[PDB]
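Have a look at upload.cif; it's mmCIF, N, CA and C atoms:
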data_query
#
loop_
_atom_site.label_atom_id
_atom_site.label_comp_id
_atom_site.auth_asym_id
_atom_site.auth_seq_id
_atom_site.Cartn_x
_atom_site.Cartn_y
_atom_site.Cartn_z
N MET A 1 -24.48 7.67 9.48
CA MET A 1 -24.82 6.99 8.24
C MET A 1 -25.79 7.81 7.41
N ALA A 2 -25.45 8.01 6.14
CA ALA A 2 -26.29 8.79 5.23
C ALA A 2 -27.56 8.02 4.87
N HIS A 3 -28.67 8.74 4.75
CA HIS A 3 -29.94 8.12 4.41
C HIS A 3 -30.33 8.44 2.96
N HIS A 4 -30.74 9.68 2.73
CA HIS A 4 -31.14 10.11 1.39
C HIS A 4 -29.92 10.38 0.52
N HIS A 5 -28.84 10.83 1.16
CA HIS A 5 -27.60 11.13 0.44
C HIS A 5 -27.15 9.93 -0.39
N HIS A 6 -27.35 10.02 -1.70
CA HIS A 6 -26.96 8.94 -2.60
C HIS A 6 -25.67 9.30 -3.34
N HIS A 7 -25.42 10.59 -3.51
CA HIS A 7 -24.23 11.06 -4.20
C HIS A 7 -22.98 10.77 -3.38
N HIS A 8 -21.84 10.67 -4.05
CA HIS A 8 -20.57 10.39 -3.38
C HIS A 8 -19.43 11.18 -4.03
N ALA A 9 -18.93 12.18 -3.31
CA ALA A 9 -17.84 13.00 -3.81
C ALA A 9 -17.25 13.88 -2.71
N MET A 10 -18.13 14.54 -1.96
CA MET A 10 -17.70 15.40 -0.87
C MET A 10 -17.37 14.59 0.38
N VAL A 11 -18.23 13.63 0.70
CA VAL A 11 -18.02 12.77 1.86
C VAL A 11 -17.22 11.53 1.50
N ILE A 12 -17.19 11.21 0.21
CA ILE A 12 -16.45 10.05 -0.27
C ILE A 12 -14.98 10.36 -0.46
N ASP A 13 -14.68 11.62 -0.75
CA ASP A 13 -13.30 12.06 -0.95
C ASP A 13 -12.59 12.25 0.39
N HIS A 14 -13.37 12.36 1.46
CA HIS A 14 -12.81 12.54 2.79
C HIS A 14 -12.34 11.21 3.37
N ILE A 15 -13.05 10.14 3.04
CA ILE A 15 -12.70 8.81 3.52
C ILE A 15 -11.27 8.45 3.16
N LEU A 16 -10.76 9.06 2.09
CA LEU A 16 -9.40 8.81 1.64
C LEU A 16 -8.40 9.07 2.75
N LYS A 17 -8.67 10.09 3.56
CA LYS A 17 -7.79 10.45 4.67
C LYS A 17 -7.68 9.30 5.67
N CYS A 18 -8.64 8.37 5.61
CA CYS A 18 -8.64 7.22 6.50
C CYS A 18 -7.62 6.18 6.06
N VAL A 19 -7.51 5.99 4.75
CA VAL A 19 -6.57 5.02 4.19
C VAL A 19 -5.20 5.65 3.96
N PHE A 20 -5.19 6.96 3.72
CA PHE A 20 -3.95 7.69 3.48
C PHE A 20 -3.26 8.02 4.80
N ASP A 21 -4.02 7.98 5.89
CA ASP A 21 -3.47 8.28 7.21
C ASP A 21 -2.51 7.18 7.66
N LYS A 22 -2.99 5.94 7.66
CA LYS A 22 -2.17 4.81 8.07
C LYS A 22 -1.00 4.61 7.12
N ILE A 23 -1.23 4.89 5.84
CA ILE A 23 -0.19 4.75 4.83
C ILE A 23 1.08 5.50 5.23
N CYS A 24 0.90 6.61 5.93
CA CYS A 24 2.03 7.42 6.38
C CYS A 24 2.66 6.83 7.64
N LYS A 25 1.84 6.14 8.43
CA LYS A 25 2.31 5.53 9.66
C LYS A 25 3.11 4.26 9.37
N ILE A 26 2.47 3.30 8.71
CA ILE A 26 3.11 2.04 8.37
C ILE A 26 4.34 2.28 7.50
N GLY A 27 4.34 3.38 6.76
CA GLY A 27 5.46 3.70 5.89
C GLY A 27 6.75 3.86 6.66
N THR A 28 6.67 4.47 7.84
CA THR A 28 7.85 4.69 8.67
C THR A 28 8.06 3.53 9.64
N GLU A 29 6.98 2.82 9.94
CA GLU A 29 7.04 1.69 10.86
C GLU A 29 7.76 0.50 10.21
N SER A 30 7.61 0.38 8.90
CA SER A 30 8.24 -0.71 8.16
C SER A 30 9.74 -0.48 8.02
N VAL A 31 10.13 0.79 7.89
CA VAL A 31 11.53 1.15 7.75
C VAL A 31 12.33 0.74 8.98
N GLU A 32 11.63 0.54 10.09
CA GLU A 32 12.28 0.15 11.34
C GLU A 32 12.44 -1.37 11.41
N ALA A 33 11.32 -2.08 11.34
CA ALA A 33 11.34 -3.54 11.40
C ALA A 33 12.22 -4.12 10.30
N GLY A 34 12.44 -3.34 9.25
CA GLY A 34 13.26 -3.80 8.14
C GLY A 34 14.74 -3.71 8.45
N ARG A 35 15.15 -2.65 9.14
CA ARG A 35 16.55 -2.46 9.50
C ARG A 35 16.87 -3.13 10.83
N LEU A 36 15.84 -3.32 11.65
CA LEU A 36 16.01 -3.95 12.96
C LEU A 36 16.17 -5.46 12.82
N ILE A 37 15.39 -6.05 11.91
CA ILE A 37 15.45 -7.49 11.67
C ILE A 37 16.72 -7.87 10.92
N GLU A 38 17.09 -7.05 9.94
CA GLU A 38 18.29 -7.31 9.14
C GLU A 38 19.54 -7.22 10.01
N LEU A 39 19.75 -6.05 10.62
CA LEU A 39 20.91 -5.83 11.47
C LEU A 39 21.05 -6.95 12.50
N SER A 40 19.92 -7.44 12.99
CA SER A 40 19.91 -8.51 13.98
C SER A 40 20.63 -9.74 13.45
N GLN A 41 20.45 -10.03 12.17
CA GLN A 41 21.08 -11.18 11.54
C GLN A 41 22.51 -10.86 11.12
N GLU A 42 22.71 -9.65 10.60
CA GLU A 42 24.03 -9.21 10.15
C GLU A 42 23.98 -7.79 9.61
N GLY A 43 22.86 -7.44 8.98
CA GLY A 43 22.71 -6.11 8.42
C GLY A 43 23.56 -5.89 7.18
N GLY A 44 24.14 -6.97 6.67
CA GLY A 44 24.97 -6.88 5.49
C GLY A 44 24.27 -6.17 4.34
N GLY A 45 25.05 -5.53 3.48
CA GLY A 45 24.48 -4.82 2.35
C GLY A 45 25.40 -3.73 1.83
N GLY A 46 25.35 -3.50 0.52
CA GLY A 46 26.19 -2.47 -0.08
C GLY A 46 25.66 -1.07 0.16
N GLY A 47 24.65 -0.68 -0.60
CA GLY A 47 24.07 0.64 -0.45
C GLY A 47 23.68 0.94 0.98
N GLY A 48 23.29 2.19 1.23
CA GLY A 48 22.90 2.58 2.57
C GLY A 48 21.41 2.39 2.82
N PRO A 49 20.96 2.75 4.03
CA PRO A 49 19.55 2.63 4.42
C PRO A 49 18.66 3.61 3.68
N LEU A 50 19.27 4.56 2.98
CA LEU A 50 18.53 5.57 2.23
C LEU A 50 18.08 5.01 0.89
N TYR A 51 18.76 3.97 0.42
CA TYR A 51 18.43 3.35 -0.86
C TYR A 51 17.18 2.49 -0.73
N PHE A 52 16.98 1.91 0.45
CA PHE A 52 15.83 1.06 0.70
C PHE A 52 14.53 1.85 0.58
N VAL A 53 14.57 3.11 1.00
CA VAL A 53 13.40 3.98 0.94
C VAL A 53 13.31 4.68 -0.41
N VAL A 54 14.46 4.86 -1.06
CA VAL A 54 14.50 5.52 -2.36
C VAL A 54 14.09 4.56 -3.47
N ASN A 55 14.35 3.27 -3.27
CA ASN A 55 14.01 2.26 -4.26
C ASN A 55 12.60 1.73 -4.02
N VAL A 56 12.14 1.83 -2.78
CA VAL A 56 10.80 1.36 -2.42
C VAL A 56 9.75 2.44 -2.67
N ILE A 57 10.07 3.67 -2.27
CA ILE A 57 9.15 4.78 -2.45
C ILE A 57 9.13 5.24 -3.91
N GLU A 58 10.20 4.94 -4.64
CA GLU A 58 10.29 5.32 -6.04
C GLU A 58 9.06 4.86 -6.82
N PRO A 59 8.83 3.54 -6.83
CA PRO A 59 7.68 2.94 -7.53
C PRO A 59 6.36 3.27 -6.85
N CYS A 60 6.39 3.39 -5.53
CA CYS A 60 5.19 3.70 -4.76
C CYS A 60 4.65 5.08 -5.12
N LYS A 61 5.55 5.98 -5.51
CA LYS A 61 5.17 7.33 -5.88
C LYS A 61 4.14 7.32 -7.01
N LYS A 62 4.52 6.73 -8.14
CA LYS A 62 3.63 6.65 -9.29
C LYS A 62 2.31 5.98 -8.91
N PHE A 63 2.35 5.15 -7.87
CA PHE A 63 1.15 4.45 -7.41
C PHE A 63 0.33 5.34 -6.48
N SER A 64 1.00 6.29 -5.84
CA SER A 64 0.33 7.20 -4.92
C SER A 64 -0.84 7.90 -5.60
N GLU A 65 -0.68 8.20 -6.88
CA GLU A 65 -1.73 8.86 -7.65
C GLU A 65 -2.98 7.99 -7.73
N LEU A 66 -2.80 6.69 -7.57
CA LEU A 66 -3.92 5.75 -7.62
C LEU A 66 -4.87 5.97 -6.45
N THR A 67 -4.32 6.33 -5.30
CA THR A 67 -5.12 6.58 -4.11
C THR A 67 -6.09 7.74 -4.32
N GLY A 68 -5.82 8.54 -5.35
CA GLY A 68 -6.68 9.67 -5.64
C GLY A 68 -7.63 9.40 -6.80
N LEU A 69 -7.35 8.34 -7.55
CA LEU A 69 -8.19 7.97 -8.68
C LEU A 69 -9.29 7.01 -8.26
N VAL A 70 -9.18 6.49 -7.04
CA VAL A 70 -10.17 5.55 -6.52
C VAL A 70 -11.22 6.28 -5.69
N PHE A 71 -10.81 7.36 -5.03
CA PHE A 71 -11.72 8.14 -4.20
C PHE A 71 -12.26 9.34 -4.96
N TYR A 72 -11.86 9.46 -6.22
CA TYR A 72 -12.30 10.56 -7.06
C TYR A 72 -12.95 10.05 -8.34
N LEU A 73 -12.21 9.23 -9.09
CA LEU A 73 -12.71 8.67 -10.34
C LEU A 73 -12.86 7.15 -10.23
N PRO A 74 -13.88 6.71 -9.47
CA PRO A 74 -14.16 5.29 -9.27
C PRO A 74 -14.67 4.61 -10.54
N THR A 75 -14.05 3.49 -10.90
CA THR A 75 -14.45 2.75 -12.09
C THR A 75 -15.08 1.42 -11.72
N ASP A 76 -14.89 1.00 -10.48
CA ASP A 76 -15.44 -0.26 -10.00
C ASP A 76 -15.11 -0.48 -8.53
N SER A 77 -15.43 -1.67 -8.02
CA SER A 77 -15.17 -1.99 -6.62
C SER A 77 -13.67 -1.97 -6.33
N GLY A 78 -12.87 -2.01 -7.38
CA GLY A 78 -11.42 -1.99 -7.22
C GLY A 78 -10.69 -2.02 -8.54
N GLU A 79 -11.21 -1.29 -9.53
CA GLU A 79 -10.60 -1.23 -10.85
C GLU A 79 -9.20 -0.64 -10.77
N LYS A 80 -9.09 0.54 -10.17
CA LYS A 80 -7.80 1.21 -10.03
C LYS A 80 -7.02 0.65 -8.85
N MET A 81 -7.73 0.00 -7.93
CA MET A 81 -7.10 -0.59 -6.75
C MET A 81 -6.38 -1.88 -7.11
N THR A 82 -7.01 -2.68 -7.97
CA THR A 82 -6.43 -3.95 -8.39
C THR A 82 -5.05 -3.75 -9.01
N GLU A 83 -4.82 -2.56 -9.56
CA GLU A 83 -3.54 -2.24 -10.19
C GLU A 83 -2.50 -1.87 -9.13
N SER A 84 -2.97 -1.50 -7.95
CA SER A 84 -2.07 -1.12 -6.86
C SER A 84 -1.38 -2.35 -6.27
N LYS A 85 -2.03 -3.50 -6.40
CA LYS A 85 -1.48 -4.75 -5.88
C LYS A 85 -0.47 -5.35 -6.86
N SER A 86 -0.56 -4.94 -8.12
CA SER A 86 0.34 -5.44 -9.15
C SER A 86 1.61 -4.60 -9.21
N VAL A 87 1.55 -3.40 -8.63
CA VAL A 87 2.69 -2.50 -8.62
C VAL A 87 3.68 -2.88 -7.51
N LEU A 88 3.15 -3.44 -6.43
CA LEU A 88 3.98 -3.85 -5.31
C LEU A 88 4.54 -5.26 -5.52
N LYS A 89 3.77 -6.10 -6.20
CA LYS A 89 4.19 -7.47 -6.48
C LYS A 89 5.18 -7.51 -7.64
N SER A 90 4.98 -6.62 -8.61
CA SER A 90 5.85 -6.56 -9.78
C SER A 90 7.12 -5.78 -9.46
N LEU A 91 7.07 -4.97 -8.41
CA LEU A 91 8.22 -4.17 -7.99
C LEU A 91 9.29 -5.05 -7.35
N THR A 92 8.86 -5.90 -6.42
CA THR A 92 9.78 -6.79 -5.72
C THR A 92 10.61 -7.61 -6.71
N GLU A 93 10.05 -7.84 -7.89
CA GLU A 93 10.74 -8.61 -8.92
C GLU A 93 12.13 -8.05 -9.17
N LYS A 94 12.25 -6.73 -9.16
CA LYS A 94 13.53 -6.07 -9.38
C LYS A 94 14.34 -6.01 -8.09
N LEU A 95 13.66 -6.09 -6.96
CA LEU A 95 14.31 -6.04 -5.66
C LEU A 95 14.92 -7.40 -5.31
N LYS A 96 14.40 -8.45 -5.92
CA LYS A 96 14.89 -9.80 -5.68
C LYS A 96 16.25 -10.01 -6.33
N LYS A 97 16.46 -9.36 -7.48
CA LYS A 97 17.72 -9.47 -8.20
C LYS A 97 18.85 -8.80 -7.44
N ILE A 98 18.49 -8.03 -6.42
CA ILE A 98 19.47 -7.33 -5.60
C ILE A 98 20.55 -8.28 -5.09
N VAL A 99 20.20 -9.56 -5.01
CA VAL A 99 21.13 -10.58 -4.54
C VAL A 99 22.38 -10.61 -5.41
N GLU A 100 22.27 -10.08 -6.62
CA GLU A 100 23.40 -10.05 -7.55
C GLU A 100 24.24 -8.80 -7.34
N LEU A 101 23.68 -7.82 -6.65
CA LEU A 101 24.37 -6.56 -6.38
C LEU A 101 25.20 -6.66 -5.11
N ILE A 102 24.52 -6.81 -3.97
CA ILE A 102 25.20 -6.92 -2.69
C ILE A 102 24.46 -7.88 -1.76
N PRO A 103 24.58 -9.19 -2.04
CA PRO A 103 23.93 -10.23 -1.24
C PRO A 103 24.55 -10.37 0.15
N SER A 104 23.72 -10.66 1.14
CA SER A 104 24.18 -10.82 2.51
C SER A 104 23.11 -11.47 3.38
N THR A 105 23.53 -12.42 4.21
CA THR A 105 22.60 -13.12 5.10
C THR A 105 21.52 -13.83 4.30
N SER A 106 21.71 -15.13 4.09
CA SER A 106 20.74 -15.93 3.34
C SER A 106 19.57 -16.35 4.23
N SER A 107 19.73 -16.14 5.53
CA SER A 107 18.68 -16.49 6.49
C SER A 107 17.65 -15.37 6.61
N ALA A 108 18.11 -14.14 6.43
CA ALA A 108 17.23 -12.98 6.52
C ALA A 108 16.44 -12.79 5.23
N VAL A 109 16.91 -13.43 4.16
CA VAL A 109 16.25 -13.33 2.86
C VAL A 109 14.79 -13.77 2.95
N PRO A 110 14.57 -15.01 3.41
CA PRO A 110 13.22 -15.57 3.55
C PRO A 110 12.44 -14.91 4.68
N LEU A 111 13.15 -14.26 5.59
CA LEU A 111 12.52 -13.58 6.72
C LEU A 111 11.82 -12.31 6.27
N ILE A 112 12.56 -11.43 5.59
CA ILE A 112 12.00 -10.18 5.11
C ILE A 112 10.80 -10.42 4.20
N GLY A 113 10.75 -11.61 3.60
CA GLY A 113 9.65 -11.95 2.72
C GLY A 113 8.30 -11.74 3.37
N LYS A 114 8.24 -11.94 4.68
CA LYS A 114 7.00 -11.77 5.42
C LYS A 114 6.71 -10.30 5.67
N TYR A 115 7.77 -9.50 5.75
CA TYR A 115 7.63 -8.07 5.99
C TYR A 115 7.29 -7.33 4.70
N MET A 116 7.82 -7.83 3.59
CA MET A 116 7.58 -7.22 2.29
C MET A 116 6.10 -7.33 1.90
N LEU A 117 5.59 -8.56 1.90
CA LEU A 117 4.20 -8.80 1.55
C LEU A 117 3.26 -8.13 2.54
N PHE A 118 3.73 -7.94 3.77
CA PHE A 118 2.94 -7.31 4.81
C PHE A 118 2.38 -5.97 4.33
N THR A 119 3.27 -5.10 3.86
CA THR A 119 2.87 -3.79 3.37
C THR A 119 1.93 -3.91 2.17
N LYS A 120 2.12 -4.96 1.39
CA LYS A 120 1.29 -5.20 0.21
C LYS A 120 -0.11 -5.64 0.61
N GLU A 121 -0.20 -6.40 1.70
CA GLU A 121 -1.49 -6.89 2.18
C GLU A 121 -2.32 -5.74 2.75
N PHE A 122 -1.67 -4.88 3.53
CA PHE A 122 -2.35 -3.74 4.13
C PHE A 122 -3.05 -2.89 3.08
N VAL A 123 -2.48 -2.87 1.87
CA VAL A 123 -3.05 -2.10 0.77
C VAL A 123 -4.49 -2.51 0.50
N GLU A 124 -4.83 -3.74 0.88
CA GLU A 124 -6.18 -4.25 0.68
C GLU A 124 -7.21 -3.41 1.43
N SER A 125 -6.73 -2.66 2.43
CA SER A 125 -7.61 -1.81 3.23
C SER A 125 -8.45 -0.90 2.34
N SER A 126 -7.90 -0.55 1.18
CA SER A 126 -8.59 0.32 0.24
C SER A 126 -9.97 -0.24 -0.10
N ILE A 127 -10.04 -1.55 -0.28
CA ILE A 127 -11.30 -2.21 -0.61
C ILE A 127 -12.11 -2.50 0.65
N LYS A 128 -11.43 -2.92 1.71
CA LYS A 128 -12.09 -3.22 2.97
C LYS A 128 -12.90 -2.02 3.47
N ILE A 129 -12.41 -0.83 3.16
CA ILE A 129 -13.09 0.40 3.57
C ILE A 129 -14.29 0.69 2.67
N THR A 130 -14.06 0.67 1.36
CA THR A 130 -15.12 0.93 0.40
C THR A 130 -16.26 -0.07 0.55
N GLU A 131 -15.96 -1.23 1.13
CA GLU A 131 -16.96 -2.27 1.33
C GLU A 131 -18.10 -1.76 2.20
N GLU A 132 -17.84 -0.68 2.93
CA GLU A 132 -18.85 -0.10 3.81
C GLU A 132 -19.77 0.85 3.04
N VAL A 133 -19.30 1.30 1.88
CA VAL A 133 -20.08 2.21 1.04
C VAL A 133 -21.01 1.44 0.12
N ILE A 134 -20.64 0.20 -0.19
CA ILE A 134 -21.45 -0.65 -1.07
C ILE A 134 -22.64 -1.23 -0.32
N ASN A 135 -22.53 -1.30 1.00
CA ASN A 135 -23.60 -1.84 1.84
C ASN A 135 -24.65 -0.77 2.13
N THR A 136 -24.24 0.49 2.04
CA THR A 136 -25.14 1.60 2.30
C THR A 136 -25.73 2.14 1.01
N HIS A 137 -24.95 2.11 -0.06
CA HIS A 137 -25.40 2.59 -1.36
C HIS A 137 -26.46 1.67 -1.95
N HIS A 138 -26.20 0.36 -1.88
CA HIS A 138 -27.14 -0.63 -2.41
C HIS A 138 -28.37 -0.74 -1.51
N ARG A 139 -28.24 -0.25 -0.28
CA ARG A 139 -29.34 -0.30 0.68
C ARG A 139 -30.18 0.97 0.62
N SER A 140 -29.51 2.09 0.34
CA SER A 140 -30.19 3.38 0.26
C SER A 140 -30.87 3.55 -1.10
#
Take the structure in the file and write it out as structure tokens.
Amino acid sequence: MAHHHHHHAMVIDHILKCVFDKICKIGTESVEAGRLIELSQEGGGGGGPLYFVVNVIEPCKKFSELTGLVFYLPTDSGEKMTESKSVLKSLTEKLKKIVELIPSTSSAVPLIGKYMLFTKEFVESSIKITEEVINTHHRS
């Protein structure tokens, strides 16, 4: 724990590897539970399994830059982070219409709903981590 060190840039930019590390793990872990749960019910669907990652990572890409604007150009406790939660929630909006493209298994529809929000909830870690810097900064 830093004592006199009040500045944040060299040691604050490293913490990013903590949130960016799991992001790479859960990223591939979700691709499994998503195809494992679906196939279990029927696995129905038009496009292939490559579209799920191409349509999901597509929007996530533009958001990836946010992970660098929070650990580099901080504007608040979650100014740039609050926008990361709107990118995942607003994205599904277009993924829900997929039912008009190649609908399949109406039982798995409500099921995946728990897996979709799951990845969105984990994103909160960005703030849960910084919460440790606000307790030391305001104390130091």
Contacts of segment 38-43 of chain A at 12 Å or less, counting only C-alpha atoms, minus same-chain residues fewer than 2 places along, as a PDB file with N, CA and C atoms, in the frame of the given file?
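Resulting contents of selection03.pdb:
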ATOM      1  N   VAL A  31      10.130   0.790   7.890  1.00  0.00           N
ATOM      2  CA  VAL A  31      11.530   1.150   7.750  1.00  0.00           C
ATOM      3  C   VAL A  31      12.330   0.740   8.980  1.00  0.00           C
ATOM      4  N   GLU A  32      11.630   0.540  10.090  1.00  0.00           N
ATOM      5  CA  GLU A  32      12.280   0.150  11.340  1.00  0.00           C
ATOM      6  C   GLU A  32      12.440  -1.370  11.410  1.00  0.00           C
ATOM      7  N   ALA A  33      11.320  -2.080  11.340  1.00  0.00           N
ATOM      8  CA  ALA A  33      11.340  -3.540  11.400  1.00  0.00           C
ATOM      9  C   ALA A  33      12.220  -4.120  10.300  1.00  0.00           C
ATOM     10  N   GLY A  34      12.440  -3.340   9.250  1.00  0.00           N
ATOM     11  CA  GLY A  34      13.260  -3.800   8.140  1.00  0.00           C
ATOM     12  C   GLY A  34      14.740  -3.710   8.450  1.00  0.00           C
ATOM     13  N   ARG A  35      15.150  -2.650   9.140  1.00  0.00           N
ATOM     14  CA  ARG A  35      16.550  -2.460   9.500  1.00  0.00           C
ATOM     15  C   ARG A  35      16.870  -3.130  10.830  1.00  0.00           C
ATOM     16  N   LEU A  36      15.840  -3.320  11.650  1.00  0.00           N
ATOM     17  CA  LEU A  36      16.010  -3.950  12.960  1.00  0.00           C
ATOM     18  C   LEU A  36      16.170  -5.460  12.820  1.00  0.00           C
ATOM     19  N   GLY A  45      25.050  -5.530   3.480  1.00  0.00           N
ATOM     20  CA  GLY A  45      24.480  -4.820   2.350  1.00  0.00           C
ATOM     21  C   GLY A  45      25.400  -3.730   1.830  1.00  0.00           C
ATOM     22  N   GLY A  46      25.350  -3.500   0.520  1.00  0.00           N
ATOM     23  CA  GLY A  46      26.190  -2.470  -0.080  1.00  0.00           C
ATOM     24  C   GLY A  46      25.660  -1.070   0.160  1.00  0.00           C
ATOM     25  N   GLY A  47      24.650  -0.680  -0.600  1.00  0.00           N
ATOM     26  CA  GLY A  47      24.070   0.640  -0.450  1.00  0.00           C
ATOM     27  C   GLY A  47      23.680   0.940   0.980  1.00  0.00           C
ATOM     28  N   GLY A  48      23.290   2.190   1.230  1.00  0.00           N
ATOM     29  CA  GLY A  48      22.900   2.580   2.570  1.00  0.00           C
ATOM     30  C   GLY A  48      21.410   2.390   2.820  1.00  0.00           C
ATOM     31  N   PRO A  49      20.960   2.750   4.030  1.00  0.00           N
ATOM     32  CA  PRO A  49      19.550   2.630   4.420  1.00  0.00           C
ATOM     33  C   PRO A  49      18.660   3.610   3.680  1.00  0.00           C
ATOM     34  N   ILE A 102      24.520  -6.810  -3.970  1.00  0.00           N
ATOM     35  CA  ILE A 102      25.200  -6.920  -2.690  1.00  0.00           C
ATOM     36  C   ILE A 102      24.460  -7.880  -1.760  1.00  0.00           C
ATOM     37  N   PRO A 103      24.580  -9.190  -2.040  1.00  0.00           N
ATOM     38  CA  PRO A 103      23.930 -10.230  -1.240  1.00  0.00           C
ATOM     39  C   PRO A 103      24.550 -10.370   0.150  1.00  0.00           C
ATOM     40  N   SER A 104      23.720 -10.660   1.140  1.00  0.00           N
ATOM     41  CA  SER A 104      24.180 -10.820   2.510  1.00  0.00           C
ATOM     42  C   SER A 104      23.110 -11.470   3.380  1.00  0.00           C
ATOM     43  N   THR A 105      23.530 -12.420   4.210  1.00  0.00           N
ATOM     44  CA  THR A 105      22.600 -13.120   5.100  1.00  0.00           C
ATOM     45  C   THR A 105      21.520 -13.830   4.300  1.00  0.00           C
ATOM     46  N   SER A 106      21.710 -15.130   4.090  1.00  0.00           N
ATOM     47  CA  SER A 106      20.740 -15.930   3.340  1.00  0.00           C
ATOM     48  C   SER A 106      19.570 -16.350   4.230  1.00  0.00           C
ATOM     49  N   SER A 107      19.730 -16.140   5.530  1.00  0.00           N
ATOM     50  CA  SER A 107      18.680 -16.490   6.490  1.00  0.00           C
ATOM     51  C   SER A 107      17.650 -15.370   6.610  1.00  0.00           C
ATOM     52  N   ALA A 108      18.110 -14.140   6.430  1.00  0.00           N
ATOM     53  CA  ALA A 108      17.230 -12.980   6.520  1.00  0.00           C
ATOM     54  C   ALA A 108      16.440 -12.790   5.230  1.00  0.00           C
ATOM     55  N   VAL A 109      16.910 -13.430   4.160  1.00  0.00           N
ATOM     56  CA  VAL A 109      16.250 -13.330   2.860  1.00  0.00           C
ATOM     57  C   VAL A 109      14.790 -13.770   2.950  1.00  0.00           C
ATOM     58  N   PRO A 110      14.570 -15.010   3.410  1.00  0.00           N
ATOM     59  CA  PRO A 110      13.220 -15.570   3.550  1.00  0.00           C
ATOM     60  C   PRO A 110      12.440 -14.910   4.680  1.00  0.00           C
ATOM     61  N   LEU A 111      13.150 -14.260   5.590  1.00  0.00           N
ATOM     62  CA  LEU A 111      12.520 -13.580   6.720  1.00  0.00           C
ATOM     63  C   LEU A 111      11.820 -12.310   6.270  1.00  0.00           C
ATOM     64  N   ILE A 112      12.560 -11.430   5.590  1.00  0.00           N
ATOM     65  CA  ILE A 112      12.000 -10.180   5.110  1.00  0.00           C
ATOM     66  C   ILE A 112      10.800 -10.420   4.200  1.00  0.00           C
ATOM     67  N   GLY A 113      10.750 -11.610   3.600  1.00  0.00           N
ATOM     68  CA  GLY A 113       9.650 -11.950   2.720  1.00  0.00           C
ATOM     69  C   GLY A 113       8.300 -11.740   3.370  1.00  0.00           C
ATOM     70  N   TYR A 115       7.770  -9.500   5.750  1.00  0.00           N
ATOM     71  CA  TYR A 115       7.630  -8.070   5.990  1.00  0.00           C
ATOM     72  C   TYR A 115       7.290  -7.330   4.700  1.00  0.00           C
TER      73      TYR A 115
END
Nearest residue to residue 6 of chain A out of A:120, A:25, A:114, A:137, using all atoms listed in the file?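 Of the candidates, the smallest distance to residue 6 of chain A is held by A:137.
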Taking into account only C-alpha atoms, which residue in the set A:66, A:15, A:2, A:56 is nearest to residue 30 of chain A?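 Closest to residue 30 of chain A of all the choices is A:56.
Checking A:93, A:83, A:124, A:100 one by one against residue 23 of chain A, counting only C-alpha atoms, you find the shortest gap at A:124.
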Residues within 12 Å of residue 135 of chain A, please, as number ranges by chain. Count only C-alpha atoms; anything in the same chain fewer than 4 positions from it doesn't count. A: 1-2, 77, 128-131, 139-140
Just the residues within 8 Å of residue 67 of chain A, please, counting only N, CA and C atoms, with nothing from its chain fewer than 2 positions along; format it as a list in words.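 These residues fall inside the cut-off: residues 16, 20, 62, 63, 64, 65, 69, 70, 71, 72, 73, 80, 81 and 84 of chain A.
Taking atom CA of residue 101 of chain A and atom CA of residue 52 of chain A as endpoints, the distance between them is 13.5 Å.
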Length of the atom C of residue 82 of chain A to atom N of residue 126 of chain A vector [Å]: 11.1 Å
Just how far from atom CA of residue 59 of chain A is atom CA of residue 91 of chain A, in Å to one decimal? 7.1 Å
